[PDB]
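So this block is query-v7.pdb, PDB, C-alpha atoms:
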ATOM      1  CA  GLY W   1     181.515  69.608  91.808
ATOM      2  CA  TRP W   2     183.986  67.597  93.866
ATOM      3  CA  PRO W   3     186.362  69.174  96.359
ATOM      4  CA  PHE W   4     189.729  70.105  94.840
ATOM      5  CA  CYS W   5     192.492  67.615  95.598
ATOM      6  CA  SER W   6     195.340  68.350  97.987
ATOM      7  CA  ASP W   7     198.845  67.022  97.442
ATOM      8  CA  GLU W   8     198.179  64.520 100.222
ATOM      9  CA  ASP W   9     195.373  62.863  98.235
ATOM     10  CA  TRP W  10     197.771  61.399  95.659
ATOM     11  CA  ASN W  11     198.200  57.619  95.967
ATOM     12  CA  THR W  12     195.054  57.355  98.084
ATOM     13  CA  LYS W  13     192.904  58.743  95.214
ATOM     14  CA  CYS W  14     193.960  58.140  91.578
ATOM     15  CA  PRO W  15     192.844  58.926  88.000
ATOM     16  CA  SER W  16     190.404  57.011  85.880
ATOM     17  CA  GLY W  17     191.915  54.093  83.963
ATOM     18  CA  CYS W  18     190.198  55.314  80.779
ATOM     19  CA  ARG W  19     191.866  58.682  81.193
ATOM     20  CA  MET W  20     195.229  57.047  81.737
ATOM     21  CA  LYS W  21     194.837  54.813  78.672
ATOM     22  CA  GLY W  22     194.007  57.950  76.666
ATOM     23  CA  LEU W  23     197.138  59.714  77.868
ATOM     24  CA  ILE W  24     199.337  56.638  77.392
ATOM     25  CA  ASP W  25     198.135  56.284  73.806
ATOM     26  CA  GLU W  26     198.638  59.996  73.116
ATOM     27  CA  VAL W  27     202.231  59.788  74.310
ATOM     28  CA  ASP W  28     202.866  56.649  72.241
ATOM     29  CA  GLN W  29     201.498  58.311  69.111
ATOM     30  CA  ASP W  30     203.635  61.413  69.675
ATOM     31  CA  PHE W  31     206.777  59.361  70.148
ATOM     32  CA  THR W  32     206.220  56.965  67.260
ATOM     33  CA  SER W  33     205.463  59.900  64.956
ATOM     34  CA  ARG W  34     208.589  61.770  66.084
ATOM     35  CA  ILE W  35     210.758  58.678  65.724
ATOM     36  CA  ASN W  36     209.471  58.161  62.168
ATOM     37  CA  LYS W  37     210.265  61.779  61.262
ATOM     38  CA  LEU W  38     213.830  61.349  62.591
ATOM     39  CA  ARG W  39     214.224  58.060  60.640
ATOM     40  CA  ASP W  40     212.934  59.722  57.433
ATOM     41  CA  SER W  41     215.588  62.414  57.866
ATOM     42  CA  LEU W  42     218.574  60.240  58.860
ATOM     43  CA  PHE W  43     217.878  57.558  56.258
TER      44      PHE W  43
ATOM     45  CA  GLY V   1     178.886  56.099  73.760
ATOM     46  CA  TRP V   2     181.120  53.213  74.756
ATOM     47  CA  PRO V   3     180.502  49.683  73.485
ATOM     48  CA  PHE V   4     178.809  47.361  75.961
ATOM     49  CA  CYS V   5     181.164  45.267  78.032
ATOM     50  CA  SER V   6     181.216  41.529  77.511
ATOM     51  CA  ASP V   7     181.508  38.922  80.232
ATOM     52  CA  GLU V   8     185.123  38.500  79.130
ATOM     53  CA  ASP V   9     185.903  42.174  79.909
ATOM     54  CA  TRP V  10     185.349  41.707  83.655
ATOM     55  CA  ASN V  11     188.617  41.755  85.627
ATOM     56  CA  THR V  12     190.392  43.555  82.782
ATOM     57  CA  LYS V  13     188.019  46.602  82.838
ATOM     58  CA  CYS V  14     186.551  47.629  86.170
ATOM     59  CA  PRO V  15     184.275  50.212  87.776
ATOM     60  CA  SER V  16     185.195  53.691  89.004
ATOM     61  CA  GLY V  17     186.508  53.794  92.543
ATOM     62  CA  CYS V  18     184.177  56.697  93.270
ATOM     63  CA  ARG V  19     181.209  54.560  92.263
ATOM     64  CA  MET V  20     182.369  51.684  94.399
ATOM     65  CA  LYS V  21     182.857  53.957  97.410
ATOM     66  CA  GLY V  22     179.327  55.261  96.868
ATOM     67  CA  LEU V  23     177.945  51.699  96.791
ATOM     68  CA  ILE V  24     180.010  50.655  99.866
ATOM     69  CA  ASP V  25     178.722  53.729 101.768
ATOM     70  CA  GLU V  26     175.162  52.892 100.856
ATOM     71  CA  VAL V  27     175.463  49.272 102.004
ATOM     72  CA  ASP V  28     177.018  50.330 105.340
ATOM     73  CA  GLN V  29     174.285  52.899 105.962
ATOM     74  CA  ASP V  30     171.641  50.225 105.271
ATOM     75  CA  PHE V  31     173.209  47.633 107.575
ATOM     76  CA  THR V  32     173.948  50.148 110.343
ATOM     77  CA  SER V  33     170.330  51.343 110.216
ATOM     78  CA  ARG V  34     168.926  47.813 110.239
ATOM     79  CA  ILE V  35     171.082  46.742 113.166
ATOM     80  CA  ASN V  36     169.938  49.781 115.168
ATOM     81  CA  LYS V  37     166.294  48.988 114.447
ATOM     82  CA  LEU V  38     166.773  45.359 115.502
ATOM     83  CA  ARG V  39     168.372  46.540 118.766
ATOM     84  CA  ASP V  40     165.401  48.906 119.380
ATOM     85  CA  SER V  41     162.900  46.045 118.960
ATOM     86  CA  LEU V  42     164.718  43.923 121.517
ATOM     87  CA  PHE V  43     165.415  46.484 124.243
TER      88      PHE V  43
ATOM     89  CA  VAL L   1     201.925  38.085  92.516
ATOM     90  CA  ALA L   2     200.908  39.357  95.958
ATOM     91  CA  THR L   3     201.856  37.057  98.878
ATOM     92  CA  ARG L   4     201.778  37.441 102.666
ATOM     93  CA  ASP L   5     205.491  38.187 102.595
ATOM     94  CA  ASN L   6     205.672  40.775  99.811
ATOM     95  CA  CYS L   7     202.294  42.453 100.412
ATOM     96  CA  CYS L   8     201.315  43.406 103.952
ATOM     97  CA  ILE L   9     197.700  44.315 103.179
ATOM     98  CA  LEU L  10     197.028  41.180 101.151
ATOM     99  CA  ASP L  11     193.495  39.824 101.599
ATOM    100  CA  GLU L  12     192.801  37.186  98.968
ATOM    101  CA  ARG L  13     189.033  37.575  99.187
ATOM    102  CA  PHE L  14     189.641  40.695  97.105
ATOM    103  CA  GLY L  15     191.216  39.064  94.051
ATOM    104  CA  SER L  16     194.513  39.662  92.242
ATOM    105  CA  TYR L  17     196.485  42.865  92.854
ATOM    106  CA  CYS L  18     197.631  45.476  90.351
ATOM    107  CA  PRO L  19     199.406  48.816  90.359
ATOM    108  CA  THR L  20     197.110  51.819  90.977
ATOM    109  CA  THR L  21     196.522  54.433  88.289
ATOM    110  CA  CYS L  22     198.704  56.805  90.347
ATOM    111  CA  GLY L  23     201.524  54.280  89.870
ATOM    112  CA  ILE L  24     200.671  54.243  86.171
ATOM    113  CA  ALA L  25     200.628  58.066  85.971
ATOM    114  CA  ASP L  26     203.925  58.385  87.811
ATOM    115  CA  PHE L  27     205.589  55.806  85.539
ATOM    116  CA  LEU L  28     204.134  57.619  82.454
ATOM    117  CA  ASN L  29     205.414  60.993  83.639
ATOM    118  CA  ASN L  30     208.950  59.678  84.202
ATOM    119  CA  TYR L  31     208.945  57.806  80.879
ATOM    120  CA  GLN L  32     207.474  60.704  78.892
ATOM    121  CA  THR L  33     209.870  63.262  80.321
ATOM    122  CA  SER L  34     212.867  60.990  79.749
ATOM    123  CA  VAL L  35     212.049  59.965  76.188
ATOM    124  CA  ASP L  36     210.936  63.466  75.179
ATOM    125  CA  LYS L  37     214.337  64.781  76.307
ATOM    126  CA  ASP L  38     216.180  62.198  74.189
ATOM    127  CA  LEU L  39     213.978  63.041  71.202
ATOM    128  CA  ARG L  40     214.285  66.851  71.477
ATOM    129  CA  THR L  41     218.050  66.329  71.577
ATOM    130  CA  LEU L  42     218.038  64.382  68.313
ATOM    131  CA  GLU L  43     215.595  66.824  66.753
ATOM    132  CA  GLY L  44     217.942  69.665  67.619
ATOM    133  CA  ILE L  45     220.885  67.978  65.934
ATOM    134  CA  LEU L  46     218.975  66.828  62.849
ATOM    135  CA  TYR L  47     216.532  69.744  62.509
TER     136      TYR L  47
ATOM    137  CA  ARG P   1     199.897  51.131 105.338
ATOM    138  CA  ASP P   2     199.540  52.068 101.690
ATOM    139  CA  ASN P   3     203.138  51.443 100.579
ATOM    140  CA  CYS P   4     203.742  47.862 101.695
ATOM    141  CA  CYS P   5     202.892  45.972  98.501
ATOM    142  CA  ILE P   6     205.412  47.192  95.917
ATOM    143  CA  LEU P   7     205.571  44.248  93.507
ATOM    144  CA  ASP P   8     207.369  46.239  90.761
ATOM    145  CA  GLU P   9     209.373  49.315  91.817
ATOM    146  CA  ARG P  10     208.535  51.045  88.541
ATOM    147  CA  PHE P  11     204.832  50.997  89.313
ATOM    148  CA  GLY P  12     204.371  51.653  93.002
ATOM    149  CA  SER P  13     202.434  49.770  95.651
ATOM    150  CA  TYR P  14     199.711  47.330  94.467
ATOM    151  CA  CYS P  15     196.022  47.060  95.300
ATOM    152  CA  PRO P  16     193.094  44.900  94.415
ATOM    153  CA  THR P  17     191.071  46.111  91.421
ATOM    154  CA  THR P  18     187.596  47.592  91.696
ATOM    155  CA  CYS P  19     186.293  44.370  90.099
ATOM    156  CA  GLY P  20     187.679  42.571  93.130
ATOM    157  CA  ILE P  21     186.047  45.192  95.356
ATOM    158  CA  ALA P  22     182.677  44.783  93.545
ATOM    159  CA  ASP P  23     182.741  40.996  93.715
ATOM    160  CA  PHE P  24     183.617  41.114  97.437
ATOM    161  CA  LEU P  25     180.893  43.714  98.060
ATOM    162  CA  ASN P  26     178.312  41.556  96.313
ATOM    163  CA  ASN P  27     179.092  38.476  98.414
ATOM    164  CA  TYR P  28     179.288  40.516 101.644
ATOM    165  CA  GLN P  29     176.085  42.415 100.974
ATOM    166  CA  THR P  30     174.050  39.348 100.063
ATOM    167  CA  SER P  31     175.473  37.290 102.990
ATOM    168  CA  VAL P  32     174.786  39.943 105.623
ATOM    169  CA  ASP P  33     171.422  40.856 104.100
ATOM    170  CA  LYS P  34     170.288  37.222 104.505
ATOM    171  CA  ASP P  35     171.457  37.208 108.150
ATOM    172  CA  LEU P  36     169.620  40.445 108.903
ATOM    173  CA  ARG P  37     166.536  39.127 107.114
ATOM    174  CA  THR P  38     166.492  36.017 109.352
ATOM    175  CA  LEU P  39     166.614  38.215 112.484
ATOM    176  CA  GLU P  40     164.036  40.658 111.081
ATOM    177  CA  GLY P  41     161.766  37.724 110.293
ATOM    178  CA  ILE P  42     161.856  36.478 113.863
ATOM    179  CA  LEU P  43     161.312  39.888 115.502
ATOM    180  CA  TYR P  44     159.131  41.828 113.061
TER     181      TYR P  44
ATOM    182  CA  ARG U   1     192.571  69.542  73.196
ATOM    183  CA  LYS U   2     190.117  67.835  75.533
ATOM    184  CA  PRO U   3     191.870  65.252  77.730
ATOM    185  CA  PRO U   4     191.650  61.850  75.973
ATOM    186  CA  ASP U   5     189.716  58.831  77.283
ATOM    187  CA  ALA U   6     190.140  55.378  75.804
ATOM    188  CA  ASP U   7     189.040  51.776  76.109
ATOM    189  CA  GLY U   8     186.013  52.083  78.318
ATOM    190  CA  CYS U   9     182.984  49.803  78.009
ATOM    191  CA  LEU U  10     179.515  50.224  79.453
ATOM    192  CA  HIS U  11     178.321  47.555  81.847
ATOM    193  CA  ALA U  12     174.571  46.716  81.518
ATOM    194  CA  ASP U  13     174.051  47.202  85.285
ATOM    195  CA  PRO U  14     173.768  51.007  85.820
ATOM    196  CA  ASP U  15     175.236  50.761  89.312
ATOM    197  CA  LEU U  16     178.521  49.475  87.825
ATOM    198  CA  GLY U  17     178.459  51.905  84.911
ATOM    199  CA  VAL U  18     181.518  52.578  82.780
ATOM    200  CA  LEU U  19     184.401  50.121  83.217
ATOM    201  CA  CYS U  20     188.009  51.177  82.565
ATOM    202  CA  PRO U  21     191.330  49.350  82.169
ATOM    203  CA  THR U  22     192.876  48.133  85.415
ATOM    204  CA  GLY U  23     196.339  49.007  86.561
ATOM    205  CA  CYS U  24     197.464  45.553  85.438
ATOM    206  CA  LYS U  25     196.265  46.196  81.886
ATOM    207  CA  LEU U  26     197.755  49.658  81.821
ATOM    208  CA  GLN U  27     201.107  48.395  83.149
ATOM    209  CA  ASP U  28     201.182  45.701  80.439
ATOM    210  CA  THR U  29     200.577  48.312  77.774
ATOM    211  CA  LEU U  30     203.285  50.642  79.082
ATOM    212  CA  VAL U  31     205.918  47.910  79.422
ATOM    213  CA  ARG U  32     205.223  46.696  75.879
ATOM    214  CA  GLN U  33     205.129  50.174  74.375
ATOM    215  CA  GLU U  34     208.352  51.299  76.041
ATOM    216  CA  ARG U  35     210.446  48.477  74.539
ATOM    217  CA  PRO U  36     210.502  49.436  70.900
ATOM    218  CA  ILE U  37     210.558  53.161  71.624
ATOM    219  CA  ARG U  38     213.639  52.949  73.819
ATOM    220  CA  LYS U  39     215.400  50.589  71.401
ATOM    221  CA  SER U  40     214.506  52.766  68.400
ATOM    222  CA  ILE U  41     215.843  55.852  70.071
ATOM    223  CA  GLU U  42     219.105  54.175  71.090
ATOM    224  CA  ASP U  43     219.453  53.090  67.455
ATOM    225  CA  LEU U  44     218.944  56.677  66.198
ATOM    226  CA  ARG U  45     221.354  58.016  68.824
ATOM    227  CA  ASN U  46     223.963  55.477  67.740
ATOM    228  CA  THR U  47     223.584  56.578  64.110
ATOM    229  CA  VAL U  48     223.739  60.284  64.962
ATOM    230  CA  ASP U  49     226.766  59.734  67.223
ATOM    231  CA  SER U  50     228.652  57.774  64.550
TER     232      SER U  50
ATOM    233  CA  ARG N   1     167.841  56.173  92.828
ATOM    234  CA  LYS N   2     170.806  57.405  90.804
ATOM    235  CA  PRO N   3     174.006  55.377  91.299
ATOM    236  CA  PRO N   4     175.981  56.896  94.185
ATOM    237  CA  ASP N   5     179.437  58.367  93.741
ATOM    238  CA  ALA N   6     181.643  59.344  96.622
ATOM    239  CA  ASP N   7     185.073  60.600  97.630
ATOM    240  CA  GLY N   8     186.286  62.036  94.389
ATOM    241  CA  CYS N   9     188.484  65.096  94.146
ATOM    242  CA  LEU N  10     189.487  67.235  91.169
ATOM    243  CA  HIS N  11     193.182  67.245  90.425
ATOM    244  CA  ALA N  12     195.138  70.463  89.669
ATOM    245  CA  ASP N  13     196.464  69.018  86.373
ATOM    246  CA  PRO N  14     193.534  69.277  83.920
ATOM    247  CA  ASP N  15     194.699  66.130  82.137
ATOM    248  CA  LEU N  16     194.320  63.930  85.259
ATOM    249  CA  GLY N  17     190.736  64.885  86.001
ATOM    250  CA  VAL N  18     188.766  63.436  88.894
ATOM    251  CA  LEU N  19     190.643  61.136  91.293
ATOM    252  CA  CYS N  20     188.884  58.290  93.055
ATOM    253  CA  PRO N  21     189.733  55.958  95.937
ATOM    254  CA  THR N  22     192.101  53.156  95.025
ATOM    255  CA  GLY N  23     191.364  49.476  95.522
ATOM    256  CA  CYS N  24     193.516  49.620  98.666
ATOM    257  CA  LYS N  25     191.432  52.384 100.195
ATOM    258  CA  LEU N  26     188.211  50.550  99.242
ATOM    259  CA  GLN N  27     189.502  47.223 100.627
ATOM    260  CA  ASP N  28     190.510  48.945 103.900
ATOM    261  CA  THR N  29     187.055  50.482 104.173
ATOM    262  CA  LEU N  30     185.290  47.148 103.685
ATOM    263  CA  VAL N  31     187.605  45.175 105.983
ATOM    264  CA  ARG N  32     186.996  47.709 108.741
ATOM    265  CA  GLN N  33     183.222  47.843 108.195
ATOM    266  CA  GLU N  34     182.568  44.096 107.989
ATOM    267  CA  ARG N  35     184.002  43.274 111.392
ATOM    268  CA  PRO N  36     181.594  45.268 113.542
ATOM    269  CA  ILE N  37     178.606  44.468 111.370
ATOM    270  CA  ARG N  38     179.225  40.713 111.643
ATOM    271  CA  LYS N  39     179.876  41.076 115.390
ATOM    272  CA  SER N  40     176.630  42.990 115.888
ATOM    273  CA  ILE N  41     174.740  40.230 114.184
ATOM    274  CA  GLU N  42     176.366  37.565 116.402
ATOM    275  CA  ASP N  43     175.439  39.641 119.443
ATOM    276  CA  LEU N  44     171.842  40.102 118.218
ATOM    277  CA  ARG N  45     171.467  36.348 117.823
ATOM    278  CA  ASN N  46     172.505  35.927 121.485
ATOM    279  CA  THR N  47     170.071  38.648 122.546
ATOM    280  CA  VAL N  48     167.115  37.133 120.673
ATOM    281  CA  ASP N  49     167.549  33.723 122.313
ATOM    282  CA  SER N  50     168.045  35.248 125.773
ATOM    283  CA  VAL N  51     164.945  37.328 124.981
TER     284      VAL N  51
END
Can you dump the structure from the file as structure tokens?
Amino acid sequence: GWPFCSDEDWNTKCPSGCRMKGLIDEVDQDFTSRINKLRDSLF
Amino acid sequence: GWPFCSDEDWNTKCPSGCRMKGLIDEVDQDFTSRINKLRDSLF
Amino acid sequence: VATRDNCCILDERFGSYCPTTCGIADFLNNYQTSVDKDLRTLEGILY
Amino acid sequence: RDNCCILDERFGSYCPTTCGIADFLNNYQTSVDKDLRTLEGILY
Amino acid sequence: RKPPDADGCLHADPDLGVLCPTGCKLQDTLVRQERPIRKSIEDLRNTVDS
Amino acid sequence: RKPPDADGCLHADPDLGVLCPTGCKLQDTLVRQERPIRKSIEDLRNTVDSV
């Protein structure tokens, strides 16, 4: 039950690296899947 | 249920900053307390 | 690589330096917003 | 004092990792603990 | 969906606990991932704009 | 005892979760704490011998 962050906490306090790797991978999967759908359509 | 880290993982995967701050706080409280007790035994 | 000249807080007893996860999150946000825009644009033309 | 180590403009200012923090903390804690123990041994 | 977590490992010492990728590892991943995505998209754009 | 955790805060964006001190904040903390602790020990050594 940590205190809620303030905008001033950013850069002094940062997210977990495991969380960031999860989000990075999710974005990569979304983009690769969307690129493949566009490729399938165009050619 | 993460896999156990290997010796090779160190420096590429690291502990939570919140955990390290907790450990740093604990060490400082220990040393501060011990220094005060040593001062009390001397004067 | 961090050096006395390009890193004012450098203390080598602490090992090699890296971006923070806030730097990572900010890069990811900029990259995701940018690429998603380009994609939506193509998806609107083709779909 | 938290924006003076920007080694790549795309990624912000750099810092040591928490592995570096943990290794430093281990050496510091054990070093100082031995020094305190020597004093505590003499006085207690 | 629950926010995703990836690539952690458990250290045997409970005080260290779960270890996560450093900013250096995350930066490497992002730089490498961005390359083909950006190039693929420029390629698609060039085809659509031709 | 259970492993201590300190100085986390919960971010407004549910995807970011709990934020923790960076390596720079942790290094600053340690650099500032070590100086007076080491100095106190040097002073105690002088006190013991003059004791």
Give me the residues near residue 14 of chain V as an NGL selection string, where near means some atom within 12 Å (using all atoms listed in the file) and where sequence neighbours in that chain fewer than 4 positions away do not count.
(:W and (16-18)) or (:V and (5-10 or 18-20)) or (:P and (16-23)) or (:U and (7-11 or 16-25)) or (:N and (22-23))
How close does chain V get to chain N? List, as CSV, each residue of chain V within 12 Å, its nearest atom pair and the distance in Å to one decimal, counting all atoms listed in the file.
residue,atom,partner,partner_atom,distance
V:14,CA,N:23,CA,10.7
V:15,CA,N:23,CA,10.5
V:16,CA,N:20,CA,7.2
V:17,CA,N:20,CA,5.1
V:18,CA,N:6,CA,5.0
V:19,CA,N:5,CA,4.5
V:20,CA,N:5,CA,7.3
V:21,CA,N:6,CA,5.6
V:22,CA,N:5,CA,4.4
V:23,CA,N:4,CA,6.1
V:24,CA,N:30,CA,7.4
V:25,CA,N:6,CA,8.2
V:26,CA,N:4,CA,7.8
V:27,CA,N:33,CA,10.0
V:28,CA,N:33,CA,7.3
V:29,CA,N:33,CA,10.5
V:30,CA,N:37,CA,10.9
V:31,CA,N:37,CA,7.3
V:32,CA,N:37,CA,7.4
V:33,CA,N:37,CA,10.8
V:34,CA,N:37,CA,10.3
V:35,CA,N:40,CA,7.2
V:36,CA,N:40,CA,9.6
V:37,CA,N:44,CA,11.1
V:38,CA,N:44,CA,7.8
V:39,CA,N:44,CA,7.3
V:40,CA,N:44,CA,11.0
V:41,CA,N:48,CA,10.0
V:42,CA,N:48,CA,7.2
V:43,CA,N:51,CA,9.2
Just-selected residues, C-alpha atoms written as a PDB file, keeping the file's coordinate frame:
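The new file part-v4.pdb reads:
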ATOM      1  CA  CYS V  14     186.551  47.629  86.170  1.00  0.00           C
ATOM      2  CA  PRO V  15     184.275  50.212  87.776  1.00  0.00           C
ATOM      3  CA  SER V  16     185.195  53.691  89.004  1.00  0.00           C
ATOM      4  CA  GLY V  17     186.508  53.794  92.543  1.00  0.00           C
ATOM      5  CA  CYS V  18     184.177  56.697  93.270  1.00  0.00           C
ATOM      6  CA  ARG V  19     181.209  54.560  92.263  1.00  0.00           C
ATOM      7  CA  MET V  20     182.369  51.684  94.399  1.00  0.00           C
ATOM      8  CA  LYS V  21     182.857  53.957  97.410  1.00  0.00           C
ATOM      9  CA  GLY V  22     179.327  55.261  96.868  1.00  0.00           C
ATOM     10  CA  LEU V  23     177.945  51.699  96.791  1.00  0.00           C
ATOM     11  CA  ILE V  24     180.010  50.655  99.866  1.00  0.00           C
ATOM     12  CA  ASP V  25     178.722  53.729 101.768  1.00  0.00           C
ATOM     13  CA  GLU V  26     175.162  52.892 100.856  1.00  0.00           C
ATOM     14  CA  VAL V  27     175.463  49.272 102.004  1.00  0.00           C
ATOM     15  CA  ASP V  28     177.018  50.330 105.340  1.00  0.00           C
ATOM     16  CA  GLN V  29     174.285  52.899 105.962  1.00  0.00           C
ATOM     17  CA  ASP V  30     171.641  50.225 105.271  1.00  0.00           C
ATOM     18  CA  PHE V  31     173.209  47.633 107.575  1.00  0.00           C
ATOM     19  CA  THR V  32     173.948  50.148 110.343  1.00  0.00           C
ATOM     20  CA  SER V  33     170.330  51.343 110.216  1.00  0.00           C
ATOM     21  CA  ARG V  34     168.926  47.813 110.239  1.00  0.00           C
ATOM     22  CA  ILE V  35     171.082  46.742 113.166  1.00  0.00           C
ATOM     23  CA  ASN V  36     169.938  49.781 115.168  1.00  0.00           C
ATOM     24  CA  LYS V  37     166.294  48.988 114.447  1.00  0.00           C
ATOM     25  CA  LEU V  38     166.773  45.359 115.502  1.00  0.00           C
ATOM     26  CA  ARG V  39     168.372  46.540 118.766  1.00  0.00           C
ATOM     27  CA  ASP V  40     165.401  48.906 119.380  1.00  0.00           C
ATOM     28  CA  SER V  41     162.900  46.045 118.960  1.00  0.00           C
ATOM     29  CA  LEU V  42     164.718  43.923 121.517  1.00  0.00           C
ATOM     30  CA  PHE V  43     165.415  46.484 124.243  1.00  0.00           C
TER      31      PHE V  43
END
Evaluate the PyMOL selection byres ((chain P) within 12 of (chain V)) here and jot the selected residues down as a ChimeraX atom specification.
/P:15-44
Keeping only C-alpha atoms, write the selected residues as a PDB file, in the coordinates of the input.
ATOM      1  CA  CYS P  15     196.022  47.060  95.300  1.00  0.00           C
ATOM      2  CA  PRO P  16     193.094  44.900  94.415  1.00  0.00           C
ATOM      3  CA  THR P  17     191.071  46.111  91.421  1.00  0.00           C
ATOM      4  CA  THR P  18     187.596  47.592  91.696  1.00  0.00           C
ATOM      5  CA  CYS P  19     186.293  44.370  90.099  1.00  0.00           C
ATOM      6  CA  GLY P  20     187.679  42.571  93.130  1.00  0.00           C
ATOM      7  CA  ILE P  21     186.047  45.192  95.356  1.00  0.00           C
ATOM      8  CA  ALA P  22     182.677  44.783  93.545  1.00  0.00           C
ATOM      9  CA  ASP P  23     182.741  40.996  93.715  1.00  0.00           C
ATOM     10  CA  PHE P  24     183.617  41.114  97.437  1.00  0.00           C
ATOM     11  CA  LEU P  25     180.893  43.714  98.060  1.00  0.00           C
ATOM     12  CA  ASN P  26     178.312  41.556  96.313  1.00  0.00           C
ATOM     13  CA  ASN P  27     179.092  38.476  98.414  1.00  0.00           C
ATOM     14  CA  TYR P  28     179.288  40.516 101.644  1.00  0.00           C
ATOM     15  CA  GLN P  29     176.085  42.415 100.974  1.00  0.00           C
ATOM     16  CA  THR P  30     174.050  39.348 100.063  1.00  0.00           C
ATOM     17  CA  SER P  31     175.473  37.290 102.990  1.00  0.00           C
ATOM     18  CA  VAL P  32     174.786  39.943 105.623  1.00  0.00           C
ATOM     19  CA  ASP P  33     171.422  40.856 104.100  1.00  0.00           C
ATOM     20  CA  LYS P  34     170.288  37.222 104.505  1.00  0.00           C
ATOM     21  CA  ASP P  35     171.457  37.208 108.150  1.00  0.00           C
ATOM     22  CA  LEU P  36     169.620  40.445 108.903  1.00  0.00           C
ATOM     23  CA  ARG P  37     166.536  39.127 107.114  1.00  0.00           C
ATOM     24  CA  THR P  38     166.492  36.017 109.352  1.00  0.00           C
ATOM     25  CA  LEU P  39     166.614  38.215 112.484  1.00  0.00           C
ATOM     26  CA  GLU P  40     164.036  40.658 111.081  1.00  0.00           C
ATOM     27  CA  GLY P  41     161.766  37.724 110.293  1.00  0.00           C
ATOM     28  CA  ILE P  42     161.856  36.478 113.863  1.00  0.00           C
ATOM     29  CA  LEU P  43     161.312  39.888 115.502  1.00  0.00           C
ATOM     30  CA  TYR P  44     159.131  41.828 113.061  1.00  0.00           C
TER      31      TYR P  44
END
Take the PyMOL selection byres ((chain U and resi 37) around 9), run it mentally on this structure, and tell me the resulting residues as number ranges by chain.
W: 28, 31-32, 35; L: 35; U: 33-36, 38-42
Return as a JSON list (two decimals) with C-alpha atoms, keeping the file's coordinate frame the set of residues that the PyMOL selection byres ((chain L and resi 8) around 12) yields on the displayed structure.
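Listing of part33.json after writing:
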[["chain", "number", "residue", "atom", "x", "y", "z"],
["L", 2, "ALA", "CA", 200.91, 39.36, 95.96],
["L", 3, "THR", "CA", 201.86, 37.06, 98.88],
["L", 4, "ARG", "CA", 201.78, 37.44, 102.67],
["L", 5, "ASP", "CA", 205.49, 38.19, 102.60],
["L", 6, "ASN", "CA", 205.67, 40.78, 99.81],
["L", 7, "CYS", "CA", 202.29, 42.45, 100.41],
["L", 9, "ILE", "CA", 197.70, 44.32, 103.18],
["L", 10, "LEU", "CA", 197.03, 41.18, 101.15],
["L", 11, "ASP", "CA", 193.50, 39.82, 101.60],
["L", 12, "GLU", "CA", 192.80, 37.19, 98.97],
["P", 1, "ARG", "CA", 199.90, 51.13, 105.34],
["P", 2, "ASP", "CA", 199.54, 52.07, 101.69],
["P", 3, "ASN", "CA", 203.14, 51.44, 100.58],
["P", 4, "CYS", "CA", 203.74, 47.86, 101.70],
["P", 5, "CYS", "CA", 202.89, 45.97, 98.50],
["P", 6, "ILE", "CA", 205.41, 47.19, 95.92],
["P", 7, "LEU", "CA", 205.57, 44.25, 93.51],
["P", 13, "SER", "CA", 202.43, 49.77, 95.65],
["P", 14, "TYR", "CA", 199.71, 47.33, 94.47],
["P", 15, "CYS", "CA", 196.02, 47.06, 95.30],
["N", 24, "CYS", "CA", 193.52, 49.62, 98.67]]
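Remark: for chain P, the closest of the candidate residues U:50, U:12, U:43, U:31 is U:31 (distances computed over all atoms listed in the file).
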A straight line from atom CA of residue 27 of chain U to atom CA of residue 11 of chain P spans 7.7 Å
Set the cut-off to 12 Å and count only C-alpha atoms: what are the residues of chain L that reach chain V? Output as a count of residues only.
7
Which centre and edge lengths in Å to one decimal define the box along x, y and z that fits every listed atom of segment 32-46 of chain U plus 4 Å per side, as JSON?
{"center_x": 214.5, "center_y": 52.4, "center_z": 71.1, "size_x": 26.8, "size_y": 19.3, "size_z": 17.8}
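Pairwise distance (atom CA of residue 2 of chain V, atom CA of residue 29 of chain L) equals 27.0 Å.
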Counting only C-alpha atoms, collect the residues of chain L whose closest atom lies at most 10 Å from chain U, and write them out as a PyMOL selection string.
chain L and resi 16-25+27-28+31-32+35+38-39+41-42+45-46
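Closest to chain N among L:30, L:13, L:37, L:43 is L:13, based on all atoms listed in the file.
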Could the residues of chain N within 9 Å of chain U, counting all atoms listed in the file, be given as a list in words, please?
residues 2, 3, 4, 14, 15, 16 and 17 of chain N
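Taking atom CA of residue 10 of chain N and atom CA of residue 12 of chain P as endpoints, the distance between them is 21.6 Å.
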